[PDB]
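What follows is a single structure, written as structure tokens, with notes after it.
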Amino acid sequence: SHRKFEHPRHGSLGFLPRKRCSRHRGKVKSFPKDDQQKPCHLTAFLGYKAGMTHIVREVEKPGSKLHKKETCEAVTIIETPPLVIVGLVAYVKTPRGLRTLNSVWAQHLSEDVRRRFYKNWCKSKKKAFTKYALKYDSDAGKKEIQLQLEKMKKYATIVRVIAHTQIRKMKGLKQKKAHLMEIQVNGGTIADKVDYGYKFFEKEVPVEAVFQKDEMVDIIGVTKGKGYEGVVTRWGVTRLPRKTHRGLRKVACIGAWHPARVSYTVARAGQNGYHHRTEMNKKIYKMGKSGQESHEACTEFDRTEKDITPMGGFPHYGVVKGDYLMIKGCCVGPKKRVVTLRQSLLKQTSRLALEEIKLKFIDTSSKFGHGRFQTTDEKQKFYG
Amino acid sequence: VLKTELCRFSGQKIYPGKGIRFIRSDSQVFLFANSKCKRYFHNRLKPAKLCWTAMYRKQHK
Amino acid sequence: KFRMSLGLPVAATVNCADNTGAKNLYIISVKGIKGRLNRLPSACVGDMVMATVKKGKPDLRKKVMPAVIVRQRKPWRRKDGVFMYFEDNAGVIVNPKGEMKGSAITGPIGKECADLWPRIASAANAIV
RNA sequence: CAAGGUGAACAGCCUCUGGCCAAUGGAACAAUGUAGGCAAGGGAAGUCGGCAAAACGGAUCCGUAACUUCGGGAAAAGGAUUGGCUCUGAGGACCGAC
RNA sequence: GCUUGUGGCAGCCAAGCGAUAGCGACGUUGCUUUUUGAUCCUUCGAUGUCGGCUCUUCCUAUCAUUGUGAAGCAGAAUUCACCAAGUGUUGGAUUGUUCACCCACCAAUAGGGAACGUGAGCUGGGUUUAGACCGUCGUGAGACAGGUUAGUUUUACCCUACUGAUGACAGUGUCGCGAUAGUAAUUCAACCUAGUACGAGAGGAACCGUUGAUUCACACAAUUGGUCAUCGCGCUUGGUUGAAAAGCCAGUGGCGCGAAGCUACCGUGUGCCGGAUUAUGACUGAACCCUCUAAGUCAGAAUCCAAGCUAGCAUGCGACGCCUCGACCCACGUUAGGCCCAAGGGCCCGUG
RNA sequence: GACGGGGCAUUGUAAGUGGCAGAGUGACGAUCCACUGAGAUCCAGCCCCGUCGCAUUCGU
Ligand SMILES: [K+]
Ligand SMILES: [K+]
Ligand SMILES: [K+]
Ligand SMILES: [K+]
Ligand SMILES: [K+]
Ligand SMILES: [K+]
Ligand SMILES: [K+]
Ligand SMILES: [K+]
Ligand SMILES: [K+]
Ligand SMILES: [K+]
Ligand SMILES: [K+]
Ligand SMILES: [K+]
Ligand SMILES: [K+]
Ligand SMILES: [K+]
Ligand SMILES: [Mg+2]
Ligand SMILES: [Mg+2]
Ligand SMILES: [Mg+2]
Ligand SMILES: [Mg+2]
Ligand SMILES: [Mg+2]
Ligand SMILES: [Mg+2]
Ligand SMILES: [Mg+2]
Ligand SMILES: [Mg+2]
Ligand SMILES: [Mg+2]
Ligand SMILES: [Mg+2]
Ligand SMILES: [Mg+2]
Ligand SMILES: [Mg+2]
Ligand SMILES: [Mg+2]
Ligand SMILES: [Mg+2]
Ligand SMILES: [Mg+2]
Ligand SMILES: [Mg+2]
Ligand SMILES: [Mg+2]
Ligand SMILES: [Mg+2]
Ligand SMILES: [Mg+2]
Ligand SMILES: [Mg+2]
Ligand SMILES: [Mg+2]
Ligand SMILES: [Mg+2]
Ligand SMILES: [Mg+2]
Ligand SMILES: [Mg+2]
Ligand SMILES: [Mg+2]
Ligand SMILES: [Mg+2]
Ligand SMILES: [Mg+2]
Ligand SMILES: [Mg+2]
Ligand SMILES: [Mg+2]
Ligand SMILES: [Mg+2]
Ligand SMILES: [Mg+2]
Ligand SMILES: [Mg+2]
Ligand SMILES: [Mg+2]
Ligand SMILES: [Mg+2]
Ligand SMILES: [Mg+2]
Ligand SMILES: [Mg+2]
Ligand SMILES: [Mg+2]
Ligand SMILES: [Mg+2]
Ligand SMILES: [Mg+2]
Ligand SMILES: [Mg+2]
Ligand SMILES: [Mg+2]
Ligand SMILES: [Mg+2]
Ligand SMILES: [Mg+2]
């Protein structure tokens with residue numbers, strides 16, 4: 001018989017299976033559509049989640065009750081020091097889909113990125129790319145490099161840069177192995193893309209070359225793991241009555257007599273968390289550039305000299321010394337987790353997209369307690 | 001920044017984006033710095049008796 | 001109105017802050033809210049509710065009448081990032097067009113209530 | 001047979017004499033259990049049903065309705081108080097205890 | 001399971017009502033298996049018999065929401081019909097209910113199936129064991145399909161299914177592709193439009209735009225809230241170490257506060273672009289002046305397919321790094337057209 | 001790496017010494033005040049840096 005009352009189903013079938021992600025670094029599953037009229041540029045970046053704080057700003061939005069009034073907003077800090085370009089990858093079209101044409105690597109690769117090619121770096125002879133580097137010394141070897149680049153200009157339809165992070169700049173990460181990813185170039189002609197990506201070899205590309213203030217971006221990462229979980233927390237089903245024999249944290253009926261099988265749509269217990277997620281439309285509130293006034297947490301209204309890092313450091317992270325992004329709201333994953341930042345796939349012709357953010361105050365109180373001072377200088381002057 | 005408030009119970013500074021505001025039945029506004037200063041004043045503890053508050057230090061100095 | 005924390009579900013009894021003669025209002029439903037299975041309809045400051053009078057004048061009792069919540073004990077966040085609450089839960093009897101049945105209000109009222117209901121805002125003493 | 005303290009008390013809780021650490025051990029803290037807790041705001045809307053839980057609780061003072069077989073109801077209901085310290089008064093035997 | 005009288009739903013005719021806006025008597029044709037009967041085919045070396053709670057899917061005979069056609073459609077509202085099952089369909093009083101009937105909210109509170117879904121999922125209020133009352137019946141023991149009250153709900157470690165977890169498949173690692181499978185967003189309000197269109201008047205819309213909220217989903221912890229054996233600090237009862245200081249026991253002695261972590265619509269953030277079409281309305285246009293159709297076209301949706309998002313051991317694939325029996329033969333394109341009228345040809349020591 | 005130092009945080013002012021502070025009693029005496037926002041704890045999954053250490057397989 002039909003169910004007595006209607007309620008919508010718990011959870012989405014569009015994120016199935018709720019398993020552990022097969023990767024740790026978030027993966028771009030689709031780059032923005034290439035517009036060959038625009039200049040050559042990168043479409044993605046890698047960063048690390050430092051922590052959260054809250055800001056105060058005055059809202060300019062006609063028709064809203066918040067118009068000309070200040071609002072408090074939680075922001076996530078993502079430390080994004082510049083990436084190093086170490087290679088180029090070309091793709092050609094094919095009736096089966098895109099296919100890697102060839103790749104060209106730079107002569108100098110740091111040991112941080114070379115650790116990525118080893119399970120046990122310190123037990124090995126560290127021979128990776130040692131003979132490849134010899135093409136840049138002879139003259140027949142340089143001929144191959146130029147021939148590979150010319151093949152890229154003639155046959156490729158997609159050109160991507162091979163870039164890695166400078167993971168040793170963040171000492172609190174306690175990691176020497178860099179993160180490596182492919183980033184698409186989305187401007188100009190194929191010859192323009194190849195020339196643009198080749199001039200960047202062994203060079204640092206800052207976050208300001210990819211994103212700007214007040215832009216909506218997509219954040220890709222793996223959420224926080226939680227291990228084996230029951231249906232009440234994993235799927236959000238309701239608890240049974242207190243009187244329930246053999247426990248109350250289950251789904252009561254897991255299916256009818258027919259079909260004589262359990263369906264894939266019924267909530268079951270299993271892994272919760274550590275899933276790949278692509279979250280879009282996160283606004284950039286600030287770009288903190290190392291060696292500039294924009295790096296400090298002082299605003300035009302607050303002239304107090306303070307750093308972005310809260311008192312006592314970012315809990316479980318450390319001190320932010322490199323370039324960073326302030327982003328409205330929450331972000332996937334725990335602290336220290338590597339996050340992939342991608343340009344929006346759609347046109348951002350909206351008021352929230354086109355709004356101009358002006359910060360009034362940045363909180364730098366300690367997040368390890370009920371912090372009440374904005375700086376260590378203020379705390380010491382208070383106690384004498 | 002400049003628009004900062006004082007705690008009604010402990011007398012310490014409150015920065016924008018924080019604060020617990022309690023309205024008493026007689027239209028009195030009490031702003032509290034955090035959960036400790038709010039639980040006190042609801043347990044009816046007098047701030048002049050707690051050594052760490054501004055009022056106590058004012059009377060004892 | 002912005003989202004506020006809901007503190008007053010159905011069967012909550014709140015103080016009557018006007019001078020009509022009612023002592024308490026017993027909330028039986030909240031207007032404007034479509035439901036979910038097993039979820040109790042819940043009101044906050046600035047919501048019109050259907051209530052009865054359990055204590056008060058005999059002529060006010062035994063009838064369903066509209067009322068607007070003016071004070072709530074459950075803390076709610078304002079956009080400036082401050083959490084606010086009152087010492088008690090209170091409401092005022094109105095008509096379905098939003099006019100106050102009484103003439104005077106005891107105690108303060110919320111700014112969220114005054115914004116929506118100009119006639120309640122006119123009879124209020126303090127608007128915090 | 002049956003000790004000391006608290007206390008009205010062979011209550012509960014701690015201790016002395018005497019007796020025991022015998023109940024397979026080690027590593028780790030997933031789901032679901034079992035046993036035991038807390039939880040903002042609301043307060044039975046849950047459920048056949050307040051099931052379960054929570055609230056009450058000792059002592060002292062005040063005060064206590066209908067009804068009644070005049071014996072009760074009655075600890076009805078409803079209020080207030082209670083620590084520590086320094087003292088003071090009263091109550092005895094031929095110096096003492098509460 | 002068969003049947004479909006009865007139950008429910010849908011048609012044909014057109015006497016009438018107000019012929020076919022909407023209805024429709026007298027007749028007459030069907031469909032369906034959420035009614036009840038009829039039957040007795042399966043099961044009596046047993047398929048756990050009501051109802052509700054929980055949870056997922058499915059249908060359409062569509063209640064609301066999207067797009068339309070009609071009116072006895074001025075507006076507002078309402079009614080009839082079409083394409084449509086994408087998304088919703090609620091909180092309560094009495095009752096064991098199913099069914100019912102009222103209160104209220106709502107865009108709306110549509111109907112149903114899945115062994116009358118679902119008891120090794122629960123519950124056990126009802127039915128229906130043994131105790132015991134009452135009424136009626138019986139000489140009686142006892143009966144009642146009448147009422148009432150008290151009455152044990154067993155087992156999964158097996159196979160599969162489902163949810164997750166490792167993993168071989170001719171070195172090892174990094175970066176990739178993407179067949180295929182899944183899938184998601186939803187509804188309402190305020191303001192402006194506007195007291196405008198319309199209307200004698202009373203009344204009284206809507207598009208665009210803007211700002212919010214509901215239901216759902218996916219995250220997250222800056223703040224607020226919750227959580228304590230941080231046994232972190234403080235206070236405190238009884239005991240105990242000759243006192244004091246310092247502790248300990250009372251399985252967490254108790255109380256207050258309590259970071260961290262976890263966590264709440266009880267907190268915060270985010271949730272998506274193109275193509276093809278349905279219904280319908282049209283263009284051109286014959287058949288045969290006309291004609292949305294015959295050929296040929298257009299616009300078109302809460303629709304579909306993509307894209308995006310999740311997986312990807314698809315025994316699939318790419319790039320890169322590092323080394324212990326003569327098997328003879330390449331045109332595109334069209335058949336209401338390019339000599340052809342099939343390789344039914346041509347080539348080749350075809351011969352040792 | 002182990003300590004340690006600093007930052008940050010929680011609780012709420014330690015022990016000890018001293019006081020012509022202290023109801024009163026015949027030296028006792030709850031408590032109060034000063035040293036003293038003191039003392040204690042703080043990664044175990046917080047942040048930043050003087051003392052001491054540091055076997056089994058695989059060939060495309
Ligand atoms: K059912
Ligand atoms: K959640
Ligand atoms: K429940
Ligand atoms: K409703
Ligand atoms: K457990
Ligand atoms: K009840
Ligand atoms: K029939
Ligand atoms: K049988
Ligand atoms: K019994
Ligand atoms: K798809
Ligand atoms: K906490
Ligand atoms: K290889
Ligand atoms: K001391
Ligand atoms: K002190
Ligand atoms: Mg239904
Ligand atoms: Mg993709
Ligand atoms: Mg049971
Ligand atoms: Mg914190
Ligand atoms: Mg329910
Ligand atoms: Mg004896
Ligand atoms: Mg005694
Ligand atoms: Mg005893
Ligand atoms: Mg045993
Ligand atoms: Mg064991
Ligand atoms: Mg509670
Ligand atoms: Mg109450
Ligand atoms: Mg009830
Ligand atoms: Mg109910
Ligand atoms: Mg009942
Ligand atoms: Mg009980
Ligand atoms: Mg009585
Ligand atoms: Mg019939
Ligand atoms: Mg007829
Ligand atoms: Mg059998
Ligand atoms: Mg069975
Ligand atoms: Mg059986
Ligand atoms: Mg249909
Ligand atoms: Mg449907
Ligand atoms: Mg059936
Ligand atoms: Mg059944
Ligand atoms: Mg059973
Ligand atoms: Mg059952
Ligand atoms: Mg079963
Ligand atoms: Mg029974
Ligand atoms: Mg019986
Ligand atoms: Mg007889
Ligand atoms: Mg019975
Ligand atoms: Mg006119
Ligand atoms: Mg002691
Ligand atoms: Mg002992
Ligand atoms: Mg205890
Ligand atoms: Mg939420
Ligand atoms: Mg025509
Ligand atoms: Mg057509
Ligand atoms: Mg079209
Ligand atoms: Mg330290
Ligand atoms: Mg550690």
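Numbering starts fresh at 1 for the residues of each chain in the structure tokens, the chains themselves are lettered A, B, ... in the order given, and ligands are numbered from 1 as they appear.
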Mind dumping a table of every chain A residue within 7 Å of chain B, with the nearest atom pair and its distance in Å to one decimal, using only C-alpha atoms, sorted by chain and rising number, as a Markdown table?
| residue | atom | partner | partner_atom | distance |
| --- | --- | --- | --- | --- |
| A:56 | CA | B:17 | CA | 6.7 |
| A:72 | CA | B:17 | CA | 5.5 |
| A:302 | CA | B:1 | CA | 5.5 |
| A:361 | CA | B:1 | CA | 6.6 |
| A:370 | CA | B:34 | CA | 7.0 |
Within 9 Å of ligand 42, counting only C-alpha atoms (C1' of nucleotides) and all ligand atoms, which protein or nucleic acid residues do you find, written as a list in words? residues 50, 51, 52, 118, 119, 122, 123 and 124 of chain E
Write out as a tab-separated table the residues of chain E that have any atom within 9 Å of an atom of ligand 41, one row each with the nearest atom pair and its distance in Å to one decimal, counting only C-alpha atoms (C1' of nucleotides) and all ligand atoms, sorted by chain and then rising number.
residue	atom	partner	partner_atom_place_in_ligand_line	distance
E:48	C1'	ligand 41	1 (Mg)	7.4
E:119	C1'	ligand 41	1 (Mg)	3.9
E:120	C1'	ligand 41	1 (Mg)	6.5
E:121	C1'	ligand 41	1 (Mg)	8.8
E:122	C1'	ligand 41	1 (Mg)	8.9
E:153	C1'	ligand 41	1 (Mg)	6.1
E:154	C1'	ligand 41	1 (Mg)	8.4
Would you name the residues within 7 Å of ligand 55, counting only C-alpha atoms (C1' of nucleotides) and all ligand atoms, and put them as JSON, numbers by chain? {"E": [298, 299, 300]}
Please save N, CA and C atoms (P, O5', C5', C4', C3', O3' and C1' of nucleotides) of the selected residues as a PDB file, in the first residue's frame.
ATOM      1  P     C E 298      12.758  25.069 -38.996  1.00  0.00           P
ATOM      2  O5'   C E 298      11.915  26.186 -38.240  1.00  0.00           O
ATOM      3  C5'   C E 298      11.940  27.525 -38.698  1.00  0.00           C
ATOM      4  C4'   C E 298      10.955  28.402 -37.972  1.00  0.00           C
ATOM      5  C3'   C E 298      10.894  28.278 -36.465  1.00  0.00           C
ATOM      6  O3'   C E 298      11.981  28.905 -35.810  1.00  0.00           O
ATOM      7  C1'   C E 298       8.706  28.433 -37.340  1.00  0.00           C
ATOM      8  P     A E 299      12.510  28.345 -34.403  1.00  0.00           P
ATOM      9  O5'   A E 299      11.479  28.924 -33.343  1.00  0.00           O
ATOM     10  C5'   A E 299      11.131  30.299 -33.323  1.00  0.00           C
ATOM     11  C4'   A E 299       9.904  30.524 -32.482  1.00  0.00           C
ATOM     12  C3'   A E 299       9.939  29.883 -31.110  1.00  0.00           C
ATOM     13  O3'   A E 299      10.645  30.675 -30.177  1.00  0.00           O
ATOM     14  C1'   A E 299       7.853  29.447 -32.145  1.00  0.00           C
ATOM     15  P     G E 300      11.176  30.027 -28.816  1.00  0.00           P
ATOM     16  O5'   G E 300       9.847  29.776 -27.982  1.00  0.00           O
ATOM     17  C5'   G E 300       9.853  28.872 -26.900  1.00  0.00           C
ATOM     18  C4'   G E 300       8.545  28.142 -26.743  1.00  0.00           C
ATOM     19  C3'   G E 300       8.658  26.801 -26.045  1.00  0.00           C
ATOM     20  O3'   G E 300       8.738  26.923 -24.640  1.00  0.00           O
ATOM     21  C1'   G E 300       7.348  26.555 -27.984  1.00  0.00           C
TER      22        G E 300
END
Residues up to 8 Å from ligand 44, counting only C-alpha atoms (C1' of nucleotides) and all ligand atoms: could you list those as a count of residues only? 4
Contacts of residue 106 (chain C) at 8 Å (only C-alpha atoms (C1' of nucleotides); same-chain gap of 3+ positions) as an MDAnalysis selection string: chainID C and resid 17:19 124:125
Using the chain letters and numbers from this document, which residues of chain C does DSSP assign to alpha helix (DSSP H), as a list in words?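 Listing alpha helix (DSSP H) positions across chain C yields residues 111, 112, 113, 114, 115, 116, 118, 119, 120, 121, 122 and 123 of chain C.
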Could you list, as number ranges by chain, all residues that come within 10 Å of ligand 49? Count only C-alpha atoms (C1' of nucleotides) and all ligand atoms. E: 244-247
Enumerate residues in contact with ligand 16: an atom-to-atom distance of at most 9 Å, counting only C-alpha atoms (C1' of nucleotides) and all ligand atoms. Format the result as a PDB file with N, CA and C atoms (P, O5', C5', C4', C3', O3' and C1' of nucleotides), in the first residue's frame.
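Saved file out.pdb follows:
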ATOM      1  N   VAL A  28      40.475  19.010 -10.891  1.00  0.00           N
ATOM      2  CA  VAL A  28      39.592  19.743 -11.790  1.00  0.00           C
ATOM      3  C   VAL A  28      39.008  18.761 -12.795  1.00  0.00           C
ATOM      4  N   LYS A  29      37.688  18.619 -12.784  1.00  0.00           N
ATOM      5  CA  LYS A  29      37.006  17.711 -13.691  1.00  0.00           C
ATOM      6  C   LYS A  29      36.576  18.381 -14.985  1.00  0.00           C
ATOM      7  N   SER A  30      36.627  19.708 -15.051  1.00  0.00           N
ATOM      8  CA  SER A  30      36.284  20.439 -16.267  1.00  0.00           C
ATOM      9  C   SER A  30      36.845  21.846 -16.162  1.00  0.00           C
ATOM     10  N   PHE A  31      37.695  22.219 -17.106  1.00  0.00           N
ATOM     11  CA  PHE A  31      38.241  23.562 -17.182  1.00  0.00           C
ATOM     12  C   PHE A  31      37.257  24.486 -17.891  1.00  0.00           C
TER      13      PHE A  31
ATOM     14  P     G E 178      37.934  13.669 -21.945  1.00  0.00           P
ATOM     15  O5'   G E 178      37.004  12.385 -21.890  1.00  0.00           O
ATOM     16  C5'   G E 178      37.043  11.403 -22.917  1.00  0.00           C
ATOM     17  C4'   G E 178      36.448  10.106 -22.444  1.00  0.00           C
ATOM     18  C3'   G E 178      35.066  10.251 -21.813  1.00  0.00           C
ATOM     19  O3'   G E 178      34.182   9.209 -22.219  1.00  0.00           O
ATOM     20  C1'   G E 178      36.582   9.272 -20.252  1.00  0.00           C
ATOM     21  P     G E 308      31.164  19.025 -18.791  1.00  0.00           P
ATOM     22  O5'   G E 308      30.824  19.507 -17.313  1.00  0.00           O
ATOM     23  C5'   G E 308      30.979  20.866 -16.938  1.00  0.00           C
ATOM     24  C4'   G E 308      30.118  21.225 -15.754  1.00  0.00           C
ATOM     25  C3'   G E 308      30.297  20.381 -14.503  1.00  0.00           C
ATOM     26  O3'   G E 308      31.413  20.786 -13.731  1.00  0.00           O
ATOM     27  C1'   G E 308      27.992  20.666 -14.949  1.00  0.00           C
ATOM     28  P     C E 309      32.416  19.706 -13.101  1.00  0.00           P
ATOM     29  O5'   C E 309      31.593  19.029 -11.919  1.00  0.00           O
ATOM     30  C5'   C E 309      31.210  19.756 -10.761  1.00  0.00           C
ATOM     31  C4'   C E 309      30.244  18.970  -9.913  1.00  0.00           C
ATOM     32  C3'   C E 309      30.672  17.559  -9.543  1.00  0.00           C
ATOM     33  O3'   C E 309      31.576  17.495  -8.454  1.00  0.00           O
ATOM     34  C1'   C E 309      28.450  17.516 -10.330  1.00  0.00           C
TER      35        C E 309
END
Just need the residues of chain A within 7 Å of chain E, counting only C-alpha atoms (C1' of nucleotides), so spit them out as a ChimeraX atom specification. /A:1-2,6,11-17,19,52-54,63-64,74-75,97-103,117-118,127-129,244-245,251-258,261-266,268-271,279-281,329-332,346,369
Chain F contacts to chain B at 10 Å (only C-alpha atoms (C1' of nucleotides)) as JSON, numbers by chain: {"F": [12, 13, 37]}
Just the selected residues (N, CA and C atoms (P, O5', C5', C4', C3', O3' and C1' of nucleotides)), exported as a PDB file, in the first residue's frame, please.
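What follows is the written file again-v9.pdb:
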ATOM      1  P     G F  12      36.395  30.423  38.388  1.00  0.00           P
ATOM      2  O5'   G F  12      37.551  31.163  39.183  1.00  0.00           O
ATOM      3  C5'   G F  12      38.239  30.545  40.266  1.00  0.00           C
ATOM      4  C4'   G F  12      39.472  31.328  40.633  1.00  0.00           C
ATOM      5  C3'   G F  12      39.204  32.632  41.381  1.00  0.00           C
ATOM      6  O3'   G F  12      40.309  32.927  42.231  1.00  0.00           O
ATOM      7  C1'   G F  12      40.267  33.111  39.343  1.00  0.00           C
ATOM      8  P     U F  13      40.076  33.402  43.744  1.00  0.00           P
ATOM      9  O5'   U F  13      41.538  33.774  44.243  1.00  0.00           O
ATOM     10  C5'   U F  13      42.606  32.843  44.120  1.00  0.00           C
ATOM     11  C4'   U F  13      43.957  33.505  44.236  1.00  0.00           C
ATOM     12  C3'   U F  13      44.077  34.579  45.309  1.00  0.00           C
ATOM     13  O3'   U F  13      45.390  34.539  45.858  1.00  0.00           O
ATOM     14  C1'   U F  13      44.577  35.515  43.199  1.00  0.00           C
ATOM     15  P     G F  37      47.376  41.758  41.794  1.00  0.00           P
ATOM     16  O5'   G F  37      46.854  41.087  40.449  1.00  0.00           O
ATOM     17  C5'   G F  37      47.760  40.676  39.438  1.00  0.00           C
ATOM     18  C4'   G F  37      47.212  39.530  38.627  1.00  0.00           C
ATOM     19  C3'   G F  37      47.773  39.374  37.218  1.00  0.00           C
ATOM     20  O3'   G F  37      48.957  38.595  37.180  1.00  0.00           O
ATOM     21  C1'   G F  37      45.394  39.201  37.187  1.00  0.00           C
TER      22        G F  37
END
Considering only strand (DSSP E) as DSSP defines it on the backbone, what residues of region 47-187 of chain A qualify? List them as a ChimeraX atom specification. /A:47-58,70-79,83-92,99-105,158-164,180-184
